[PDB]
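> Got a structure for you, written out below as structure tokens; questions coming shortly.
Protein chains: 2
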Amino acid sequence: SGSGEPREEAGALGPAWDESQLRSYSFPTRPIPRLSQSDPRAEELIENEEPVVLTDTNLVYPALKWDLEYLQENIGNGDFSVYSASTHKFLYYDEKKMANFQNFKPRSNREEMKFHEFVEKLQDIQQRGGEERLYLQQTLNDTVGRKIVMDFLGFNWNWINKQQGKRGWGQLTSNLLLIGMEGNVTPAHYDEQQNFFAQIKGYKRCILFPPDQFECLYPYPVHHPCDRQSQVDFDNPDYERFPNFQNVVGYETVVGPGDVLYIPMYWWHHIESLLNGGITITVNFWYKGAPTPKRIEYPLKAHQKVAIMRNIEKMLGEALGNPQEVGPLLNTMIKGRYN
Amino acid sequence: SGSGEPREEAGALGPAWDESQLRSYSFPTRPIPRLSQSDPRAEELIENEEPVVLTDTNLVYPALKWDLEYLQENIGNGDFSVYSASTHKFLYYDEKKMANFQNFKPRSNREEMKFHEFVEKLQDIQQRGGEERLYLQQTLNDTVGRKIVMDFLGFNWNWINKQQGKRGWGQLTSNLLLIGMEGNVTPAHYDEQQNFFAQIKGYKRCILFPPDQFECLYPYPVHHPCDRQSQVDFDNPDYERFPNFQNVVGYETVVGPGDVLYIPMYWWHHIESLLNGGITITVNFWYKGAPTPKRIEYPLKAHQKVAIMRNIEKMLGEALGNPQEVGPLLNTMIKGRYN
Ligand SMILES: CN(C)NC(=O)CCC(=O)O
Ligand SMILES: CN(C)NC(=O)CCC(=O)O
Ligand SMILES: [Zn+2]
Ligand SMILES: [Zn+2]
């Protein structure tokens with residue numbers, strides 16, 4: 001199923017989106033349940049760290065009116081982080097980690113600019129028929145226009161705050177504002193925080209994979225710049241290197257204006273902006289997860305095992321004095337002994 | 340080379356031992372240097388944690404006179420740990436670790452007895468032509484006959500103590516008394532302590548492999564009862580499972596009455612009692628190695644890397660709550676990511 005049968009906009013405006021807009025992949029997916037926030041099922045899902053789309057939080061209600069003209073006019077003047085890509089797949093690398101891998105070259109460069117500048121480039125490419133794609137990802141801080149700040153004050157903080165309280169998560173780390181061109185893709189990867197993905201303008205197709213599918217997704221070495229990202233190219237999966245990618249099953253859904261997707265921590269997610277569907281705008285909120293209990297309980301959850309693996313890689317890297325030696329030692333350790 | 344050309348006993352008593360007495364193996368070996376304790380080269384070797392045979396310490400001079408009759412008469416009455424084997428290869432397992440692996444069966448059982456009892460069994464088998472082989476391994480404590488205690492007091496403690504002092508090792512953990520039948524084999528493995536192997540009666544062929552040959556020797560999982568032992572059968576090496584066993588190079592030597600073999604910590608050693616060479620007697624002394632420095636220094640030594648691997652296996656086993664899950668997690672961790 002996945003996104004399944006497209007929702008119909010009220011007033012007979014027709015199907016919000018349709019199939020030809022989604023990209024094609026090798027794996028099967030099932031739908032993430034779209035529920036009402038009042039629905040006890042949703043709170044259960046969140047409590048159990050399973051994804052769910054909430055259709056009625058009103059979380060970013062004030063922002064549903066945002067668009068580029070509005071944002072330009074009222075977002076004020078400040079530098080916005082903007083990324084560029086040669087193709088539809090945006091490549092993110094952690095700059096602090098580049099020292100560890102010399103044979104790494106940036107394929108998706110960051111550029112700091114002013115909203116009007118980013119808007120100019122966007123409009124320009126549209127007219128100039130450029131190959132290029134752009135993505136604006138900027139954390140929001142109190143430097144924004146008065147109107148935007150008022151809009152922010154209008155968010156349903158009461159609801160997001162209650163969620164944080166009930167589940168015992170840590171304080172709200174931050175929120176990021178995301179504006180991207182249609183067809184843009186943020187390749188599968190996972191975060192270690194609990195995320196609330198609130199859609200504002202346009203539709204984004206969100207594909208999630210649970211933590212227990214770690215074997216099928218082949219993340220980069222922890223010391224690699226692309227740590228937490230899948231090495232597998234969903235457009236041309238290499239089965240010889242990533243054999244278990246053939247056993248992967250995603251959870252799929254398409255979020256639109258007013259929807260909030262709870263992405264549990266450690267859950268893989270692949271996100272794409274619908275083809276020919278125009279510009280997209282999202283505001284993502286995230287919380288550090290609740291801290292681990294004193295005496296752990298078995299069976300362990302899959303994400304704890306993932307945490308365990310991450311930790312061994314980090315320590316091994318620190319102990320040897322080089323991250324490059326991690327793989328060789330681990331192989332020496334496994335070969336003919338555990339495999 | 341290895342043992343090379345057999346030493347000649349004084350008074351033209353002829354060759355102490357000869358080739359037909361050594362077992363046949365697939366790998367090449369070179370000789371461990373036999374030096375005088377006065378030789379500065381020996382102290383250098385020991386300082387550098389490289390094996391060496393000292394021909395003149397007089398370490399167990401008083402014991403050179405030991406034999407079974409003498410030991411029976413004077414060793415007093417106490418229980419001695421004695422192991423039995425179906426074949427020439429003695430199998431040692433760590434009993435505390437058996438809970439972790441159910442599909443493990445003892446193939447070399449321990450039996451507590453009295454010296455005269457062990458001597459009886461030995462003599463009996465000799466007459467009865469038994470298939471069986473026996474090995475007496477007992478730590479020595481002040482329960483021994485007065486004569487034996489006097490003999491002990493006669494050891495060149497001054498020399499062994501000076502060795503311990505100069506090198507910064509910890510206190511002498513203990514010493515073990517080893518009496519075995521000719522042809523007996525203690526399969527390759529390593530200890531984490533610094534050992535001084537002092538030969539008393541008979542000849543033992545000692546084959547050592549440095550720590551850096553860990554990949555070629557394939558030790559059992561740390562949680563396995565046979566932890567620290569090579570999984571490879573030197574009599575029938577399985578190259579499909581242990582491919583790098585074909586790259587293994589040992590250091591060889593045959594120790595006789597009066598010789599002391601320094602076996603550095605973490606160094607693999609394979610020890611056999613010469614065929615048809617009669618009974619063997621050895622006293623092994625060991626020290627915990629010097630403690631690790633505050634700020635480590637790179638490059639790391641091979642034994643530190645081995646220590647690192649051991650530690651990761653232990654921790655992983657404790658973290659998961661089962662030692663059986665170690666291998667699966669490590670594979671998940673390596674596959675398509677580091678290999
Ligand atoms: C932080 N994470 C949940 N958020 C994302 O990955 C957003 C990616 C995007 O929407 O393109
Ligand atoms: C403790 N280790 C050095 N000693 C041994 O392995 C003795 C084995 C034996 O000589 O059979
Ligand atoms: Zn993410
Ligand atoms: Zn040993």
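So the sequences go chain by chain: C and D. Take the first sequence: its letter number 127 is residue 127 in the working numbering, and every next letter is one higher. To convert a position in the second sequence, counted from 1, into the working numbering, add 339. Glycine included, each C-beta is placed from N, C-alpha and C at the ideal position.
1) Hey, would you say the C-beta of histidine 269 of chain C is under 8 angstroms away from at least one heavy atom of ligand 1?
2) Excluding the five sequence neighbours on either side, which residues of its own chain have a C-beta within less than 8 angstroms of the C-beta of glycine 289 of chain C, listed in chain order?
3) Kindly list, in the order they appear in chain D, the residues whose Cβ is closer than 8 angstroms to that of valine 326 of chain C.
4) Does any residue of chain C bring its CB to less than 9 angstroms from the CB of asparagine 575 of chain D?
5) Using a Cβ-Cβ distance cut-off of 9 angstroms, determine whether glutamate 412 of chain D contacts chain C.
6) When you compare the CB of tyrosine 266 of chain C with every CB in chain D, is at least one pair closer than 9 angstroms?
7) Using a Cβ-Cβ cutoff of 9 angstroms, what residues of the segment 608-629 of chain D are near chain C? List them in chain order.
8) Unbroken alpha helix (DSSP H) runs of length 4 or more, entirely within the segment 553-608 of chain D: which are they?
9) Looking at chain C, is there any beta carbon in it that lies within less than 9 angstroms of the beta carbon of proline 379 of chain D?
10) When you compare the CB positions of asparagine 416 of chain D and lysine 453 of chain D, do they come within less than 9 angstroms of one another, or not?
11) When you compare the CB positions of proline 550 of chain D and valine 421 of chain D, do they come within less than 9 angstroms of one another, or not?
12) Determine the DSSP secondary structure at residue 311 of chain D, reduced to helix, strand or coil.
13) Apart from the five residues just before and just after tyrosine 203 of chain C, which ones in its own chain have a Cβ nearer than 6 angstroms to its Cβ?
14) Identify, in the order they occur along the chain, each residue of the same chain with its Cβ nearer than 8 angstroms to the Cβ of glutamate 652 of chain D, setting aside the five sequence neighbours on each side.
15) If I'm right that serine 26 of chain C touches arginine 205 of chain C with Cβ under 8 angstroms, what's the distance once you round it to whole angstroms?
16) Alpha carbons only, please: which of C/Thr29, C/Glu318 and C/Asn161 is nearest the one belonging to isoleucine 207 of chain C?
17) At the level of alpha carbons, what is the spacing between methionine 437 of chain D and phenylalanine 443 of chain D?
18) Do you know offhand how far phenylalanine 118 of chain C's Cα is from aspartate 227 of chain C's?
19) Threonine 368 of chain D by DSSP, collapsed to three states: which one?
20) Between the beta-carbon of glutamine 477 of chain D and the beta-carbon of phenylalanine 419 of chain D, is there less than 9 angstroms?
21) Give the C-beta separation of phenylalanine 553 of chain D and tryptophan 606 of chain D to the nearest angstrom, bearing in mind that I take them to be a contact with Cβ-Cβ under 8 angstroms.
22) If I'm right that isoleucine 200 of chain C touches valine 283 of chain C with Cβ under 8 angstroms, what's the distance once you round it to whole angstroms?
23) Excluding the five sequence neighbours on either side, which residues of its own chain have a C-beta within less than 7 angstroms of the C-beta of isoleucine 263 of chain C, listed in chain order?
24) Let me make sure I understand the geometry here. Which of C/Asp235, C/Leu140 and C/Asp142 has the alpha-carbon closest to that of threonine 186 of chain C?
25) Rounded to a whole number of angstroms, what is the C-alpha to C-alpha distance between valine 53 of chain C and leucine 35 of chain C?
26) Considering only heavy atoms of ligand 4, does any lie closer than 8 angstroms to the CB of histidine 642 of chain D?
27) Cβ of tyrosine 474 of chain D versus every heavy atom of ligand 2: is any distance shorter than 8 angstroms?
28) How would you label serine 86 of chain C, buried or exposed, when you count the other beta carbons within 10 angstroms and need 16 or more for buried?
29) Should residue 333 of chain D be flagged as near chain C, meaning a C-beta pair shorter than 9 angstroms?
30) Ordered along the chain, which non-local residues of its own chain (more than five positions away) have a Cβ less than 8 angstroms from that of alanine 641 of chain D?
31) Please indicate yes or no: does the CB of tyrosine 559 of chain D lie closer than 8 angstroms to some heavy atom of ligand 4?
32) By Cβ distance below 8 angstroms, which residues in the same chain neighbour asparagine 311 of chain C in space, the five residues on each side in sequence not counted?
33) Just how far apart, CA to CA, sit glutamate 383 of chain D and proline 237 of chain C?
34) On a CA-only basis, which of C/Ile308, C/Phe242, C/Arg337 and C/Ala319 is nearest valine 571 of chain D? Give me that one, please.
35) Measuring straight from C-alpha to C-alpha, what distance separates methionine 309 of chain C and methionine 672 of chain D?
36) Tell me the residue span of the beta strand (DSSP E) that contains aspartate 490 of chain D.
Looking at the coordinates:
1) yes
2) Short of 8 angstroms from the beta carbon of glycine 289 of chain C, and not among the five residues preceding or following it, lie these beta carbons of its own chain, in chain order: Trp169, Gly170, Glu192, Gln193, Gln194 and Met265.
3) The answer, in chain order, is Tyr677.
4) no
5) Not closer than 9 angstroms to any Cβ of chain C, the Cβ of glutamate 412 of chain D fails to qualify, so no.
6) Cβ-Cβ to chain D under 9 angstroms: no for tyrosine 266 of chain C.
7) none
8) Correct list: 553-556.
9) no
10) yes
11) no
12) Any property of residue 311 of chain D remains undetermined from this structure, which presents chain D solely from 340 to 678.
13) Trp17, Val254, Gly256, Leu274 and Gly277
14) For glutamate 652 of chain D, where only same-chain residues beyond five positions count, the Cβ hits under 8 angstroms are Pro560, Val561, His562 and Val665.
15) At roughly 16 angstroms, the Cβ-Cβ gap does not stay under 8 angstroms, so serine 26 of chain C and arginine 205 of chain C are not in contact.
16) C/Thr29
17) For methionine 437 of chain D and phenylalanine 443 of chain D, the distance between alpha carbons rounds to 7 angstroms.
18) 28 angstroms
19) strand
20) yes
21) Not quite, the Cβ-Cβ distance comes to about 11 angstroms (not below 8 angstroms), so this is no contact.
22) 6 angstroms
23) Cβ neighbours of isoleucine 263 of chain C beyond the five flanking positions: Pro51, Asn195, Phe197, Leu208 and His269.
24) C/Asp235
25) 6 angstroms
26) no
27) At a cut-off of 8 angstroms, the beta-carbon of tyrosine 474 of chain D counts as near ligand 2: some heavy atom of the ligand is closer than that.
28) exposed
29) The first residue shown for chain D is 340 and the last is 678, placing residue 333 of chain D beyond what the model contains.
30) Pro549, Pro550, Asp551, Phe553 and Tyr605
31) no
32) Excluding sequence neighbours, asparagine 311 of chain C sits near nothing in its chain.
33) 57 angstroms
34) C/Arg337
35) 7 angstroms
36) That residue, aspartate 490 of chain D, is in no beta strand (DSSP E); its alpha helix (DSSP H) goes 485-492.
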